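# experimental structure and sequence below, a few questions after.
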Protein chains: 6
Amino acid sequence: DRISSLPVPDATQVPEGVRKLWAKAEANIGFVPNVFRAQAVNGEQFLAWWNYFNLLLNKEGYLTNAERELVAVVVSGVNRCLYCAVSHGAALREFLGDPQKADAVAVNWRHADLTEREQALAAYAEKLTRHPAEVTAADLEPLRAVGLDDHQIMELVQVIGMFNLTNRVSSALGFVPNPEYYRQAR
Amino acid sequence: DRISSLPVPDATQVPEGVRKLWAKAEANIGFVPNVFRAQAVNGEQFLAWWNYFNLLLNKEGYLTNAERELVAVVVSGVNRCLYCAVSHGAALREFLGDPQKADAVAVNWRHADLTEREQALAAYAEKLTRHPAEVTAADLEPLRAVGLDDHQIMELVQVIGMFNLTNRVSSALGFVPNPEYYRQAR
Amino acid sequence: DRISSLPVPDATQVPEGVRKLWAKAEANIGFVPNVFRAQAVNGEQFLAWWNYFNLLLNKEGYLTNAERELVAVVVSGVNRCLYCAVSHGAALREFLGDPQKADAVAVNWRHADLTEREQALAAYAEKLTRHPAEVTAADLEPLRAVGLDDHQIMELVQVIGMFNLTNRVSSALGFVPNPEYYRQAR
Amino acid sequence: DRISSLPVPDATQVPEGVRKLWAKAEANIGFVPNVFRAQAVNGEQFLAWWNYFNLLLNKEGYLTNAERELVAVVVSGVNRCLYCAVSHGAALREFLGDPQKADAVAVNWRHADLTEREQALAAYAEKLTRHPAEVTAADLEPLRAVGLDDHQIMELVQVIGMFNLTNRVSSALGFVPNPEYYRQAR
Amino acid sequence: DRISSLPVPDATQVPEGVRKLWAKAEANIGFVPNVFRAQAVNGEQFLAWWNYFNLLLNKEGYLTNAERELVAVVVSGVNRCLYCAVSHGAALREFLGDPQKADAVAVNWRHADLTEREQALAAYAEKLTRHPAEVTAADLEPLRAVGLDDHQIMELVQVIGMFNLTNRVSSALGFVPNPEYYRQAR
Amino acid sequence: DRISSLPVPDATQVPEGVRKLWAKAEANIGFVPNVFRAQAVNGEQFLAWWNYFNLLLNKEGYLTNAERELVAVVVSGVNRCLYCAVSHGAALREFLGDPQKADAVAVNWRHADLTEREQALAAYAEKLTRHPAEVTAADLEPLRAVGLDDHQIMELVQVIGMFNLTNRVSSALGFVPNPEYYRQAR
């Protein structure tokens, strides 16, 4: 059962930080996310990627985990990235406590009955994902009007950019999400 | 005078690591890249981004600097990102020692008379950038045919990803490249 | 409470055939599909649509139910139609007996590890959906290579058509899928 | 002279209802529409399709035949479906009594000097045809403003969906419209 | 009464060369093409355009008139330009002596049962029109395979170019084709 | 070092007017623009093209050379035409006296800090280049609001159309711009 289009390094072929992450994941969530194995081909690059990704998505910042995972699900849905859709879908179901809303966002946020703020975030995520050449300063105005300040905007644009990065890496290399994600928070 | 659509933090409003980076830049290239100011709005996120970007793009890896900057220029050109097209254009001109070749890649790699290897890199960069939902394992075969191994592919996909992240952050926030970049290596 | 952008007719405002359909649904699946209410605005048109849809999708024909629902899910995913993606997702999960496979097809069939036959069906469904002006007789050859005969092709093209009709009607009119569909066959 | 990419069933290979339709067409219009032969490969499915199509397009409802054929011509022009463009073009020329207006709609409704209502119908047909993921309840407001009620909207969205179905079936299978349509109502 | 979105100059407001052209047209075809009035707003630019257009499209060159008008009709159809689709449709009907073939090319050359040579011309015209950034030297090989020499290719690319110019000028300025064109060669 | 995908005629294979143009260019700018050689394959057609192009772009009319070259750079950037981007980029740098502004327009005019008028011109150039089927009389209103009269509009739409012509001819035939253009006006 392949999890990648490239060979996946074993424990002997990854640095300490990657093995520690594997152990931590196993102990806390009961499995090792396949991205932590498949994307470990270049170990130091992986560790640098994780350091930034973990800070931006998982550690405290200026947007809530619900807001962040909403963006993740929208971007990953537009780009039709399987790994990211499935894994961030599990996260969004968990953080919203509403599996059906999360599923609806995965299809089309316009039809998911979101708040005004959520709609502003989803719309801007989709625009910057699809039409990066066309965004302008004018597009920041709706974000301020639903209450995002400069730090929240700075975080938002990074999260959208990040999923444009991870969608591409995951899709290019055929990353396969773990079976557990499909069943989580349902 | 504007270099960003958001307020730019001064020395007192960024962490020490950012101040150290500014000093290192000034000492090495003679000026502080505008992105190091404009994107320092969220300081710790900025430093985590920089750690990864620097490692993937500037430090030794599996692709040459010329190869990485070729990909940077293709991606930033497709996405029409001013900051990245201008600054990475400077870099590609330096690493190729051929301003006209770099300028041609900025418009259309198809017409820039590239090597077979460079054409494979450029073609894949453009596809992954424009059509992330449609790339498959078959698309790796041309990369292998020009001699890219697994580490080189792993790096490549991250570089393409990274420019899809930075093109979005820089365009979303109206980042303005330093005047020096337009003149370097010409 | 809303299930449609138009007023929904009650029992007194639909023909008897629609009331009989509601009763049959309740008795067979335990609830009345929301489309049977929301799309009954023009009653006789509704019953003619249902006659054709039921025959093509639910009754014996030349493709299996699994094959039909695969196509439904691909089409509805490309078009980002909430009602159809959710309800046919339920159906595909049931007919495959594999929720994770169905969920993967919902994001990107290219990454769902399908059989050669399923990949041919999914690829053609997506092309006919996105690029109707560009399909030609040559595009039938892969279908014949996976064993589809003339009756199977005839059915296939109608199924793809039908989802291009229902995705449009349901999205245009903001049809909301029943909560049950999100939970079925998981 | 082929009329389809699939074999066309003869009189011995179609059900009674199809042969009766052939006879009726011949007696009343002087020829048998090729779709009635080419799409008869799956007989019962054909009869179910015709039952719905005939009710929606040809029998009394909530939009006039001129309005319906306007939509048909717009959708079929966007999708570049030959069978449907040619045959519904003949219908529109007949119902408008103005061949040049009908021809102009076939090219681009924006340039055909239509009424406000006609423009609202054409614009919405083209939007739902091209961008089904993007339509929302807001798009119904212009339709109400040119006087369409809920039944007229319900009919409209079906006619647009229907041509998205028939354009696809006709194009996929290389259906060829009869010579008579090209000369009718000129 | 309108034939343009800009004011149309009368005989007193154009140069003598334009008046002579109007007289020549009236004498040869029985009416003055509306473009000769509407596009004469800048008189000397108009006469330079006409000199080139007439030479490339009407006077002896390396492609036949039928071949040139086929390309005209493909291009104008893809771009949905009313003036050019209608007027060049008339021309193609005349040069093919087959109105139904010309009408079919106007919708989709893929379905018009063309010769191998005509299909190569039509396919290239559409690609160069839609995807100018993606054409390469490889795309000339099919043209050479149907017998086009260097002069024929040189002419072809200019004809495709020219319709991309005239489709834009005519659509931008709302040019209205004469009623005669809709009826000619039918 | 090839300058074209087709053979390039020598002095013995071109008419007098082409040889005179070569001589004039050499004497006045110090080199012969490669387009004057590569596009001379069909001599009379070339001379007719040059006659119109030279009048519209180089000789006095209703827009300034800065305005015209701005449009050239925008259109050529959207279409990613190397010959035209590089050569009109040199022209724009010269006429603006601001190399960095010209370079920024080549990437994305939205980020180049243009005047209101310049923005109106760039936006309309890009729209008519990308979406010719969608422009209407309404799009002329912004042009009038930044002060363009009917002659200026007539000229503008021709210049946009012209670059849609030259981008296509140049790209189709692999025209290579002279080394001098890359270094001019820097």
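Nice, thanks for sending it over. Numbering: from 1, shown residues only, chains lettered A, B, ... in the order given.

# can you pull the domain assignment for chain A?
According to curated CATH domains, chain A comprises the domains A:10-61, A:62-186.

# and the first one with chain C, contact?
So that's domain A:10-61. No: under the criterion of CB under 8 Å from any CB of the partner chain, chain C is not reached by domain A:10-61; the shortest gap measures 12.6 Å. C-beta here means a position set from N, CA and C on the backbone, and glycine is covered the same way.

# do that domain and chain B meet?
Yes: applying CB under 8 Å from any CB, one finds domain A:10-61 in contact with chain B at A:39, A:41-42, A:44-45, A:48-49, A:51-52, A:55-56, A:61.

# quick check: residues of chain A near chain C?
For chain A, the contact set with chain C under CB under 8 Å from any CB comprises A:76-77, A:80-83, A:85-86, A:99-100, A:103-104, A:106-108, A:111-112, A:171, A:174, A:176, A:179, A:182-183, A:186.

# in helices only, show me the residues you listed.
A:76-77, A:82-83, A:85-86, A:99-100, A:103-104, A:106-107, A:171, A:179, A:182-183 (DSSP state H).

# what helix or strand is the most centrally placed residue in chain A on?
Residue closest to the mean C-alpha point of chain A, counted by CA atoms, centre = their mean, is residue A:72 at 4.2 Å. In the assignment (DSSP states H and E), residue A:72 maps to helix A:65-79.

# repeat that for residue A:152.
With DSSP H and E as criterion, residue A:152 is part of helix A:150-172.

# show the contacting residues for residue A:74.
A:105, A:109, A:121-122, A:125-126, A:129 (CB atoms under 8 Å, 6 or more residues apart in numbering or on different chains).

# any idea how far chain C is from the nearest residue to it once chain neighbours are set aside?
Spatial nearest neighbour of residue A:74, chain neighbours left out: residue A:125 (4.4 Å); criterion: CB to CB, 6 or more residues apart in numbering or on different chains. Computed as CB to the nearest CB, to the nearest Å, the residue A:125 to chain C distance reads 14 Å.

# could you list every residue that touches residue A:125?
By CB under 8 Å, 6+ apart, the residues touching residue A:125 are A:71, A:74-75, A:78, A:156, A:160.

# give me the neighbour count for the closest residue in space to residue A:127 that isn't next to it in sequence.
For residue A:127, ignoring the flanking residues on the chain, the nearest one in space by CB to CB, 6+ apart is residue A:135 at 6.2 Å. Neighbour count of residue A:135, defined by other CB atoms under 10 Å in any protein chain shown: 20.

# so which strand or helix has residue A:135?
Going by DSSP H and E, residue A:135 is not part of any helix or strand.

# now do the contacts for it.
A:127-128, B:171-172.

# before we move on, back to that, how far does the helix holding residue A:72 sit from the chain's center?
Centroid displacement of helix A:65-79 relative to its chain, using CA atoms, centre = their mean, to the nearest Å, is 6 Å.

# what do you get for stretch A:168-186?
Taking mean C-alpha positions (CA atoms, centre = their mean), stretch A:168-186 and its chain are 11 Å apart.

# which parts of that stretch are buried?
A:168-178, A:181-182, A:184-185 (16 or more other CB atoms under 10 Å in any protein chain shown).

# ok, it near chain B or not?
Yes: using CB under 8 Å from any CB as the criterion, contacts between stretch A:168-186 and chain B involve A:168-169, A:171-174.

# so what's the residue in chain A that chain D sits nearest to up against?
Per CB to the nearest CB, residue A:110 is where chain A lies closest to chain D, at 5.5 Å. Contacts for residue A:110 (CB under 8 Å, 6+ apart) come out as A:122, D:133-134, D:136.

# chain A against chain D: which residues are in contact?
For chain A, the contact set with chain D under CB under 8 Å from any CB comprises A:108, A:110.

# let's see it at 6 Å
residue A:110 (CB under 6 Å from any CB of the partner chain).

# give me every residue in chain A lying close to chain F.
residue A:136.

# what do you get if the cut-off is 10 Å, keeping everything else the same?
A:132-138 (CB under 10 Å from any CB of the partner chain).

# most surrounded residue in those residues?
residue A:132 (24 neighbours).

# pick out the residue of chain A closest to chain E.
For chain A, CB to the nearest CB, closest residue to chain E: residue A:133, 13.4 Å.

# quick one: contacts for the closest residue in space to that residue that isn't next to it in sequence?
In space, not counting the residues next to it along the chain, residue A:133 is nearest to residue B:80; the distance is 3.8 Å by CB to CB, 6+ apart. Going by CB atoms under 10 Å, 6 or more residues apart in numbering or on different chains, residue B:80 touches A:132-134, B:167, B:171, F:77-78, F:106-111.

# in the helix or strand residue A:55 falls within, what counts as buried?
Using DSSP H and E, residue A:55 sits in helix A:43-57. Of all the residues in helix A:43-57, those buried under the rule 16+ other CB under 10 Å are A:43, A:45-53, A:55-57.

# gap between it and the chain center?
Distance, centroid of helix A:43-57 to centroid of chain: 13 Å (CA atoms, centre = their mean).

# elements contacting it?
helix A:16-29, helix A:35-38, helix A:65-79, helix A:150-172, helix B:43-53, helix B:150-172 (3 or more CB pairs under 10 Å, 6 or more residues apart in numbering or on different chains; DSSP states H and E).

# dump that helix to PDB, restricted to CA.
C-alpha atoms of helix A:43-57 as PDB (Å, rounded to 0.1, in the frame of the first residue of the first chain):
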ATOM      1  CA  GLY A  43      15.500  15.500   6.300                       C
ATOM      2  CA  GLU A  44      16.700  19.000   7.100                       C
ATOM      3  CA  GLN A  45      14.400  20.600   4.600                       C
ATOM      4  CA  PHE A  46      11.600  18.600   6.200                       C
ATOM      5  CA  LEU A  47      12.500  19.800   9.700                       C
ATOM      6  CA  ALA A  48      12.600  23.400   8.500                       C
ATOM      7  CA  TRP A  49       9.200  23.000   6.800                       C
ATOM      8  CA  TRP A  50       7.700  21.400   9.900                       C
ATOM      9  CA  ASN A  51       9.100  24.100  12.200                       C
ATOM     10  CA  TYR A  52       7.300  26.800  10.100                       C
ATOM     11  CA  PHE A  53       4.100  24.800   9.400                       C
ATOM     12  CA  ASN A  54       3.700  23.800  13.100                       C
ATOM     13  CA  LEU A  55       4.100  27.400  14.200                       C
ATOM     14  CA  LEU A  56       1.700  28.800  11.700                       C
ATOM     15  CA  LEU A  57      -1.100  26.100  11.900                       C
END
